[PDB]
Structure formats: C-alpha cells, structure tokens
Amino acid sequence: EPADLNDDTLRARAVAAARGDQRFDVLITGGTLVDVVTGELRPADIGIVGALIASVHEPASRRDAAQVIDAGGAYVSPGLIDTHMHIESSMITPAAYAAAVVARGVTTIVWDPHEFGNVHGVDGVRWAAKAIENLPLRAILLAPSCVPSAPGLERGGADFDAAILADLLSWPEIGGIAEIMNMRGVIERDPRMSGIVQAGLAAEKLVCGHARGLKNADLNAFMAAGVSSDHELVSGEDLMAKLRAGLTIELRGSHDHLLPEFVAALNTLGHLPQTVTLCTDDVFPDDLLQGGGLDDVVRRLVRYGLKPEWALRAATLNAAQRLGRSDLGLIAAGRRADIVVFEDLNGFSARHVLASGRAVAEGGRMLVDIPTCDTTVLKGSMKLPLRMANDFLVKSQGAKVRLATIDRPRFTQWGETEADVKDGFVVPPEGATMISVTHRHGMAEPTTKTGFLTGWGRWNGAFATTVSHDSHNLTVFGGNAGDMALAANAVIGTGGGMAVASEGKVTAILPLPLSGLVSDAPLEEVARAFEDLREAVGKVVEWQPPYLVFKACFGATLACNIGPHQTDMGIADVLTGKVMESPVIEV
Amino acid sequence: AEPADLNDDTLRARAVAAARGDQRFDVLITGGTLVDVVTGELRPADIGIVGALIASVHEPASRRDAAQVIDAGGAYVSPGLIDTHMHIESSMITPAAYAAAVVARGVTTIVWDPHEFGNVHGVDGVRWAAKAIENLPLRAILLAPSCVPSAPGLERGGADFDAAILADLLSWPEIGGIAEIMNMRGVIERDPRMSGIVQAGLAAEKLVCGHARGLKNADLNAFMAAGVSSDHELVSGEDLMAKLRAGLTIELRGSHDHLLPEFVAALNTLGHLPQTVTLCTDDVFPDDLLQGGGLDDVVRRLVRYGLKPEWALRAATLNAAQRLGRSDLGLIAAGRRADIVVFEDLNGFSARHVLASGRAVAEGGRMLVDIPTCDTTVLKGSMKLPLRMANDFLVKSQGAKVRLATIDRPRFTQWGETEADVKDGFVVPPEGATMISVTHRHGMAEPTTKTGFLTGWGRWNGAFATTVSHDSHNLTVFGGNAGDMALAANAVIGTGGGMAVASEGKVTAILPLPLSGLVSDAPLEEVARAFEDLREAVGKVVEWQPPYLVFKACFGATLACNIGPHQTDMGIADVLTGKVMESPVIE
C-alpha cells in the first residue's frame, strides 16, 4: 500500500471503467459531494473498480455497476483520518475500536501504542502491529518515543534507547516517532532524545511532538531538532502561535471547552491553513460510545460553528498530505475508495462507509467480520502479591516527623508539614490524601511507595487504577490504608484495572485484564462500567473543577511533567533528576 | 543527499543550540516582514539560520547573535520560489545561464522536464540535463521525459523511449518522476507503450505529471484513474475549475498571459486559494526571461492582475513543496531549508536578497557566487542533413490540373481541397495559404523534405525556418515561396541549428542555435536581442492576424500528440485516423 493500487490489471480495468467501456464494481449515486479541495458541496456520483475510485462524474449519467450504493438526500466525503491517538485510552482492543469508529466514518487512524509499549515494550508494539494487520481500519503505527517518560526517575515495563527506536522505525507498519513528550530533553540536546529524533530523520519518517507550554524560542528548538507537529493546544493564541511556527496542527477534541476558541480563531483567520488536521488523542469508553471517535471532532467543531467543509477538509485531505499518502483524504479519480456517506453536515450519521472499495458499514453497523487477535501475551500483567494495610503506611522512627508533601493537583509543587508517628508508622496528617505507587511489572522490587498529596479534598475511602501515564504501575489514592488495600487487591486479582473502595467495601470495578489498560468486553459493558466507577468515585470525594477532577487520578505519577510526582521509585522531580525515596525530611 | 544533508547530527545539534540561545547563528535576517505562508499573514519576524537550516523564527530585534546579518528593513521575507514545470530549453540558453537569470530573482528550485534535449539526444540528453544541474545554485529536480517521440509512427525525432527506458530514468536519484505525459489518447486507450510507462511511474513511487490539453468529463476521469495527477494545459477559467474539482494538482502557468485575468477571477470567485494550486512557467522565451523573466514573473503577473500576493506566494512555495514531497522546502519555519528571497515590496517582487541552502547567492538582481558552467561537448553538431534547395520545397505530380487538401487553419486543425495548375511537372503552389515543410534532421531516417500547404496563415513574402519545433525538432520551414525557404533552411542548417527569416532573396535575421538546435551558448543579453530582432524580421514577411495566428504558432504546428492534421518529417499526420499522408496530392 499504495502498491496494491498500482496493479496493472486493476489500473487497466478501472481506466476503461472510467472510459465507458466496462462497468464499475460500485457506483455511489444521487449524493452531494463535499469537494474538499474546492470546499463546494456539488452533485456527483462516484464509480469505483477495486480499491480505486474510477470516476467522479455527472449525476445519473451512468448506471453500469455490479452494485449500487445510494446517497440521494445525503453527502459524500473521503473517510475521516485520525492523526493522533491511542486505542488503549478507551479500554478496549483494536478490534472493538474498529467496529466502533469504522461504523462512524473513520477509515484511517494514526495510533501511538505508547501505552501497550510501556507495559510490554516492543513486544507491546509487535502486538499492536499484529492486532491491526487485517482490520477494516487502516492503522498507521507510530514508535512510542519515551519509554519510560523519565529514565532513572521511574520503572515501567519497558525501556527504549535509540537502537530500539531505530529498529521500530525500520518497520513498514510504522510511519514515524510518536509524540515526544520529553521536551527538555529534545531542546537541551539529551543523548537519548537527540539520538531517537536522529533516528526519525535517518528514517525520513514522521517525527511527531507534544508541545505543552513550549513558547517562542523553546519552540523554535523543538522544531529545529526535527519534530514537526503538535496536538497540545491550550488557547486560540496557542493555535495561532504554533500555526505560525510551521507545525502540523493535530487539532484535538478531548478538551471540549477550547474548541470554540480554536473555531473563533480559524474563522477570524478567514481560511483553514493546510497544515491543520484532526485527532482524538485520548477518548474514554463512555465518550467513545456516546460521542464517537474522530467524527465527534468533526461534529463538535461544526456545532461550535466552523464550516463543515473546513472540518472535513482538515479531517481528510490535510490528514493525507501530512502522512504523505496521495491515495487518501479526497474523492477523485485515481485515489482510494475510502468513503463515508453522511445523512447531513450536522450530526454526521454515516449512512454508508467504504474501505478500499468494499462497503463495510451501513446504518451505523458493520457489515463485516472483524478479525479478533490473540490477547494472551497481554494477560498476567500484575506481577506482585496482594497488599496489606501496611504497604500503605510509612514506617518511620521519631515521635514526630517532618514531611515533604506533593502540593497541588496537576500544577504540582513541593510542600511540607509536621506529622505524628504512632507505632512504627506516620499518621496521615489532617488534609492530606495518599498516593501509593507500587511497581507492578516484575521488573523491580514490588515495593509500595507512599506520598502525601495536598489540594485533593478529603478521602472517604480509595481509588486504585493501574492506568497511570506513562509507566502504568499500580497507583492507589485515598484517605486510609484499609480502603486502600481493598481497591489494590481488587485490581490485582482481576489482572489490572480500576476499583473504587470505601468504608471497608469495594464499590465498583472496571476490570481491565489486558495490560492493566484495556478489556475484552464489548464497548457497552466497558462504558457502563466506567460511568459507574466515576459515579462511585464522585461519591468518595467531592471534586473541585477544573483541575481537582477525576481525570487527574490517571495523571499523577507522570514523571516527565514538571514538579514532584510520586513514582514507583519515590518522589520524582525531573529538573534535579533525583529520586526522593521517602517523604520524611528529619526527626 | 537532500535532504539527509539537513539531518546530520553535528549540524542539527548546532542549530538547536543557536535556537536555544546558547550558540550564535551563521546568519540573521532582521527588520523584515515575514510573509507567513501558512496563516497567510504579513508579520514582523527575524530569522536565524545555521548551515542550511532555518534554525529560528523569532520576535524582531530579540537576537543580534550572528556571524553575518542580512538586512530586510522595509522589505518582505518570503520562502524561495519553486517551478512546478518547465523547460530550460525554450529560453535558448544553458542551465547555468538560466540559474543565472532566476536565482537573482528568488527562484530557488525548478522542476525541469528536458524532453526537448530528450528528443534530440535520448538518454544521452537526459544524462546531460543531469550533469548540467549538479552544482547549480538553483535546485533542479528532473523528470522522465515521458513521450519521445510524442506520437510513435506518425513522426520521427532523435530518440524512442519505451517502458524499459522510462524505468531506467525513474531510478536515477536525480529524477522525481514522469514528465508531462502528453500522449493522452495513448493513456486513456491503454496503449501498451504508454500504459507500461505510466506503470513504470507508479512502481517508482514518484510523480506522474500530465498535460491534459482538452480532456473533459469522462476522458479526464480515465487519464486520472490511470494515475496521472497534475496538469498545466488550462484553456478557460472554467477549465481551471474542473481540473480543480477533478482533484488534479494544478501546475498554473504564466506562459499564456491572456488567460490570467480568467484564472484570477475564478479563484477570487471561490474565495480561497486551494492547496492543490502551484505555479509554473512551462516555456519562457529568452526575451521575457530577461524583461520578466522567470517564475517570480508568474507570482508578479498574477498579483498585478488581482491575486492577493499571499496566495500568489502560497502557491509559488508551500503548495509546490507539498506537491514535491519536500517538507524541507517552501516555508520559513525552524526545521526547514533556508532557501529565502527577500522582496522589496509585493507589487514588483524585487529580490533584494536570495538565500540557497544557508548561503547567500544574490543581492539586488545580481549573482553573489560563481555558477559552474557545464561542459557542452555532447550537444554539438546535430544537423545531420545536406543543404536544401528551391526544389526540396516543391511537390511533384503526374497531372496538369490537381486535387489537394491541406491543414486548413493554424493552431487547432482541419482539412480542405483545391487545385494547383500543377506547372512544369511540379504542383504550382496555390493561393490562400502558406506551405510547411519538415525535414528529419537527426540522422534516423532519410532527410527527404516533406511539404505541406497550411492555410489561412497569412500571406508570406518569404520564410521562417526554425529547428526549435515541438517535439521532434526537425527542420520546419513555413514559406511563401521556394527560393527563400531554402535560403532560411540553409542558414540554420549551417549554424548547426537555430532560426532564420528570409525575404525576396535575402536572409534578414539569424539566430544561431549550435547546441542541439535548441539553445545557444551566448549570454542571454545576446540571445534575447537576437530573439526580439528575429520577431521583428518575421512580422515583415507576414502580417500576423492575432491571436490564433501569433509567432509562438510557428513552433507548435508540428506537435503530433494533439488532434487535427499536422505536417511532420513523414507527412500529414492524423492522431485519430492513426495514419499519415505520403504527399498531399490526389487527381
């Protein structure tokens, strides 16, 4: 691919199909074409031989077709492309995923398996490759680039030097390096990071970034190193700045509140610049079920009053140019017949979807079997015996200890405070919540590491997840050692996942037996389960939007971010590069 | 080694540094208004460049850190311009003298199909194309001249390229793909010869450029389904709309000046420049290269005629870069090659400074550095025929009175009948219409002159002889009477190729073309003057009735791969009847 499209046989036979002197394998008819090059909606019908579009021509002018798919009252588009995302974040396998979003119009995704990668390494990324080999969803693989996100600070499943990075880049299946989020390292020229981005160029394959906070000059260096995109937009000014920086924009949907501002900013610019594409980054099982994938970003951008001709453009043709795939992202003679037909340019219901000329969805369900894949090597990713009440307390000598706190949810900062010491352990000091983080991949001593957050409300019980970007070790929160080993041990025995405990009971489990990240169950189940666990947890702690919400519990052991975070190692500050082994400062 | 030559680790390191603020730039560009090709804004920024990389684009005055400073005060800064299609050969000079002319103007990259040397010398001439460009300051990406000759079996040029040969050219790392494929009926029919040629193109994973002169609805479809993705021949504004809508990359051209007003109107009527639009010269006579001259002039005219400059330059740079797969070009962003032209204003796109890979090559209109000329040995002596005569231009015949038909009409073509009081053995040349006579002069066929009788040409008080004639460039002479025809023929024959006008028994002008008969070796000063003075001489033998009967038309009237009749080195030749008339006689 696109070698498949070049076969002499089909080439010949589509040409003559175009010419008039054969008939097409399919004709799509009676539709209004979203012409994404000119931004007109204009009537046209489409004839297709094999995986090639043979002709876009005058409506009704042709009726010679082995099958006829009909689009009157509706709108024809190329199938949407998703420039950055991760399947893991929805807690399902690639197959369920494909079923979900191929039915919605999305024919190509660009997937950084950075999560499976962290948990299993290349083996992780190998499986990604095998799992997507035959879906009706094109998946372009990207090499996980920072495993682990902060070497020396934390220990996940895996470690990726430039060698391995070079190796992954040699795969046909891989189109580039996934988001480099270790950006001090790229900018300040670290031997690992510079080594990997060298590999990216030596391969002449994409080099994609994460650029949260990078401004003015830091940015010119990220760019200067080789990295060429971003999705971490925060404001209109943020969008404008990095457009003007020359970056491919991966305009994402995971923060609904900034779409209006992105939208205002394109509409005031006047035109949508050809370097803007659409992505999902992370999308949870209930939003995937209710909202959708990629198509949701089309949908909302239009709801926030972007012209639909622009949303689609950026979801198809733009997305094409970037991947260097001249066969995708536009409906035109000689291109792939990756097509969606929409009931209108509001709700974007997919009345029809085709991949490579074969109709694979209709009405919103699949028409085709999705090869499963053997989830085995994905199981048993809990490699640690159950915990005690005592794995959550901090042994410490004195009568009274001075204690380094991890003040602030997200915007993290070093704090401190006195505390008492009964009996061998330190007493949780009023207004503190625990963070226990336990290495669970067997790469390391299974030793529980506690820390005290402040700024987290008060914990009436606990929440263990095993999804904790990016090392994903067993990560627990709570107001007390009891409720806490409840939640830990429920996650451990189902083999990974999440559990809310409280007042000596477990109140919800979303079991997640593959890697501690995804689940075999169908998307309805998983969504249902997720909803219920957010319910559960909403009830063990009163949140305070924005910031001290629930999505933060998945984000706190994320070593490469600025500031203290509790890791599987200690408390990590990635400026220094030091591991703070214990919270006790003295006495 | 482009663009691996950006990717070198020692350099990348260095640029990142400078960017950071830890090291100094090789060159700074300060004071300027950046013409932001992505956003489309004009906005103050100063630029820093290390080696060949743009390493920073940053807030004005923020840095003075540089080895050399390039002043952009009161001036606009634009990425170096790019020509998606042209033919050094129609400028009658050498790849050095052309790099001379357009590098002083802001053109940093051209895309040259050398099929004109391709027809006078086969591989041999492409080889030369390639030795000629090697150290130009101007980046020249060649294409496989795709159709020599342009209509196999109806004419005979100096070479014969088959699928075997194409495929050889497509491996040379100097070539980015297939030249204009003007053999259109050949593609759409699935002629084996054409057909294996487009194939050899797709299998190369490289551009496949067309010349879709005339194609519509279904016929277009088929040219594109075969895999041909781009085009310059556009004949109306409405043509433009449809080649637009059919998804072709547009190689918009500045050689059919009358149309530009139509093209501008269309694209103003759409509201935004589509991203498949780019900009090309196709062919530029050496007088317009000097007054104009080059791709800068395309920018210049469109904008003079109502294209926002922003689009004008969007198209000359970033669009072109995306067509070429070259994301190290066409954009002033950190991370990409520092090819930049600094324009005085955006009306008369005065090149105050031109930068090729890091290096400065021109200041106000003149070359800063030596252009290594190439050795012209292989192109010399290519008039393989003996002098003509009076006779050579006359037709024989049995009969006293005679029937006869004829290329009624200039540019696009038809037949007709009349008499020729055939006198003293020969036809006696009948009134209404100038004789054409074409003589194979490459040595691959007997050098028999083959005469025609064109029509509604004008009256011809003598002769034009030319050896630039597309595409076989044989010796073509349109002539009001035999003695002058010979006279002109013998003039350009002796000079080893060229052009010459002749009246009333005298030669009145002669533009010598010793190198391939196409291009001369003098400085372009003489060459354009010789060319004006030539235009001057001819419009004394005949009163052009423009347009349709311009001077340009003296070179097109042999070009077999277009419909209508056509005298050629073997007679009057239809593409359709796929046949070819021995003499133009009848009764």
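Procedures and definitions
Sequence positions in this view are assigned from 1 along each chain in the order the sequence is written. Entry numbering can differ, and residues without coordinates are absent from the display. Each chain is given a letter, starting from A, and each ligand a number, starting from 1, according to the order in which they appear as written. In computing side-chain properties, one takes all heavy atoms of the structure into account and sets aside hydrogens as well as water. UniProt positions are given in the numbering used here, feature names are shortened, and annotations may be inferred rather than shown by experiment. Going along the chain from the N terminus, every DSSP run of H or I of four or more residues is numbered as a helix, and every run of E of two or more is numbered as a strand. All radius of gyration figures rest on C-alpha atoms, and the globule criterion is 2.2 Å times the number of residues raised to 0.38. The buried label applies to any residue whose accessible area, calculated with a 1.4 Å probe on protein chains only, is under 20% of its type's maximum; exposed applies above 50%, and partly exposed to all values in between. By definition, residues are in contact when any of their heavy atoms lie within 4.5 Å. The accessible surface values rely on the Shrake-Rupley method and a 1.4 Å probe; as for residues, cover is taken only from the protein chains in view. A pair of strands is treated as paired once DSSP finds two or more bridges between them. Here's the idea: put two parts together, see how much 1.4 Å probe accessible area each one loses, and the total over both is what we call buried area. A pair is scored as a salt bridge if a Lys or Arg side-chain nitrogen falls within 4 Å of a carboxyl oxygen belonging to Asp or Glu. For the purposes of these results, a polar contact is taken to be a pair of N or O atoms within 3.5 Å, where, inside protein, one atom must be able to donate a hydrogen and its partner to accept one; residues adjacent in sequence count only when each atom of the pair is a side-chain atom. Charged residues are taken to be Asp, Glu, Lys and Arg, nonpolar residues to be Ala, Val, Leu, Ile, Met, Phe, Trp, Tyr, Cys and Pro, and polar residues to be all remaining types, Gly included. Patch membership requires over 30% relative accessible area and the absence of a salt bridge. Like charges are linked within 9 Å, and nonpolar side chains (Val, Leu, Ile, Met, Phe, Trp, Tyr) within 5 Å.

- Under the PDB entry, the name given to chain B is Adenine deaminase 2, and the source organism is Agrobacterium tumefaciens.
- UniProt's Catalytic activity comment on chain B is quoted here verbatim: "adenine + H2O + H(+) = hypoxanthine + NH4(+)".
- Its UniProt record, at the heading Cofactor, says of chain B: "Mn(2+)".

- Naming follows the PDB entry, where chain A appears as Adenine deaminase 2 of Agrobacterium tumefaciens.
- On record in UniProt, under Catalytic activity, the comment for chain A is "adenine + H2O + H(+) = hypoxanthine + NH4(+)".
- What UniProt records for chain A under Cofactor is the sentence "Mn(2+)".

Thoughts on the overall build of chain A
Move 1: Assigned secondary structure in chain A consists of 15 helices and 31 strands.
Move 2: At 25 Å, chain A has a C-alpha radius of gyration in line with the 25 Å of a compact globule built from 587 residues.
Move 3: The C-alpha extent of chain A, read off along each of the three principal axes, is 90 × 50 × 45 Å.
Move 4: The buried share of chain A, reckoned over its 587 residues, is 64%.
Move 5: Counting only contacts in chain A whose residues sit at least 6 apart along the sequence, the fraction spanning at least 24 positions is 68%.
Move 6: Per element, the accessible surface of chain A, about 20,500 Å² overall, is 51% carbon and sulfur.

Observations regarding the pairing of strand β7 (residues 75–78) of chain A
Move 1: Where strand β2 (residues 32–35) of chain A meets β7 of chain A, 2 bridges bridge the pair, whose relative direction is parallel. Residue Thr-32 of chain A lies in a different strand from β7 of chain A, and its bridge partner there is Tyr-75 of chain A.

A look at the sheet that holds strand β18 (residues 359–363) of chain B
Residues and elements named next belong to chain B.
Move 1: The 7 strands lie next to each other as β3-β2-β7-β16-β17-β18-β19, forming an open sheet whose pairing is mixed. Looking at which strands have only one partner, the edges of the open sheet turn out to be β3 (42–44) and β19 (366–367).
Move 2: The pairing of strand β2 (residues 33–35) with β3 spans 3 bridges and is classified as antiparallel. For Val-35, the partnering residue across the bridge sits in β3 and is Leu-42.

Describing the interface of chain B and chain A
Move 1: Contacts between the two partners involve 55 residues from chain B and, on the opposite side, 55 residues from chain A.
Move 2: For the chain B and chain A pair, buried surface summed over both sides reaches about 4,200 Å², with 53% attributable to carbon and sulfur atoms.
Move 3: Scanning the region where chain B abuts chain A turns up 5 salt bridges.
Move 4: The partner of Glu-41 of chain B in a salt bridge is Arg-244 of chain A, with the nearest N and O atoms 3.0 Å apart.
Move 5: For the pair chain B and chain A, the interface holds 19 residue pairs in polar contact.
Move 6: Breaking the side of chain B that touches chain A down by element, the ones donating at least two residues are α1 (9–20), β5 (53–58), α6 (184–189), α7 (192–204), α8 (217–225), α9 (237–245) and α13 (309–323) of chain B.
Move 7: Split into classes, the residues belonging to the side of chain B that touches chain A amount to 27 nonpolar, 15 polar and 13 charged.

Let's talk about a nonpolar patch on the surface
Residues and elements named next belong to chain B.
Move 1: Taken together, the side chains of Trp-415, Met-581 and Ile-586 present a nonpolar region at the surface, about 270 Å² in accessible area.
Move 2: Tracing the chain through its elements places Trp-415 in the loop between β19 and β20 (435–439).
Move 3: Note on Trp-415: relative accessible area 38%, which makes it partly exposed.

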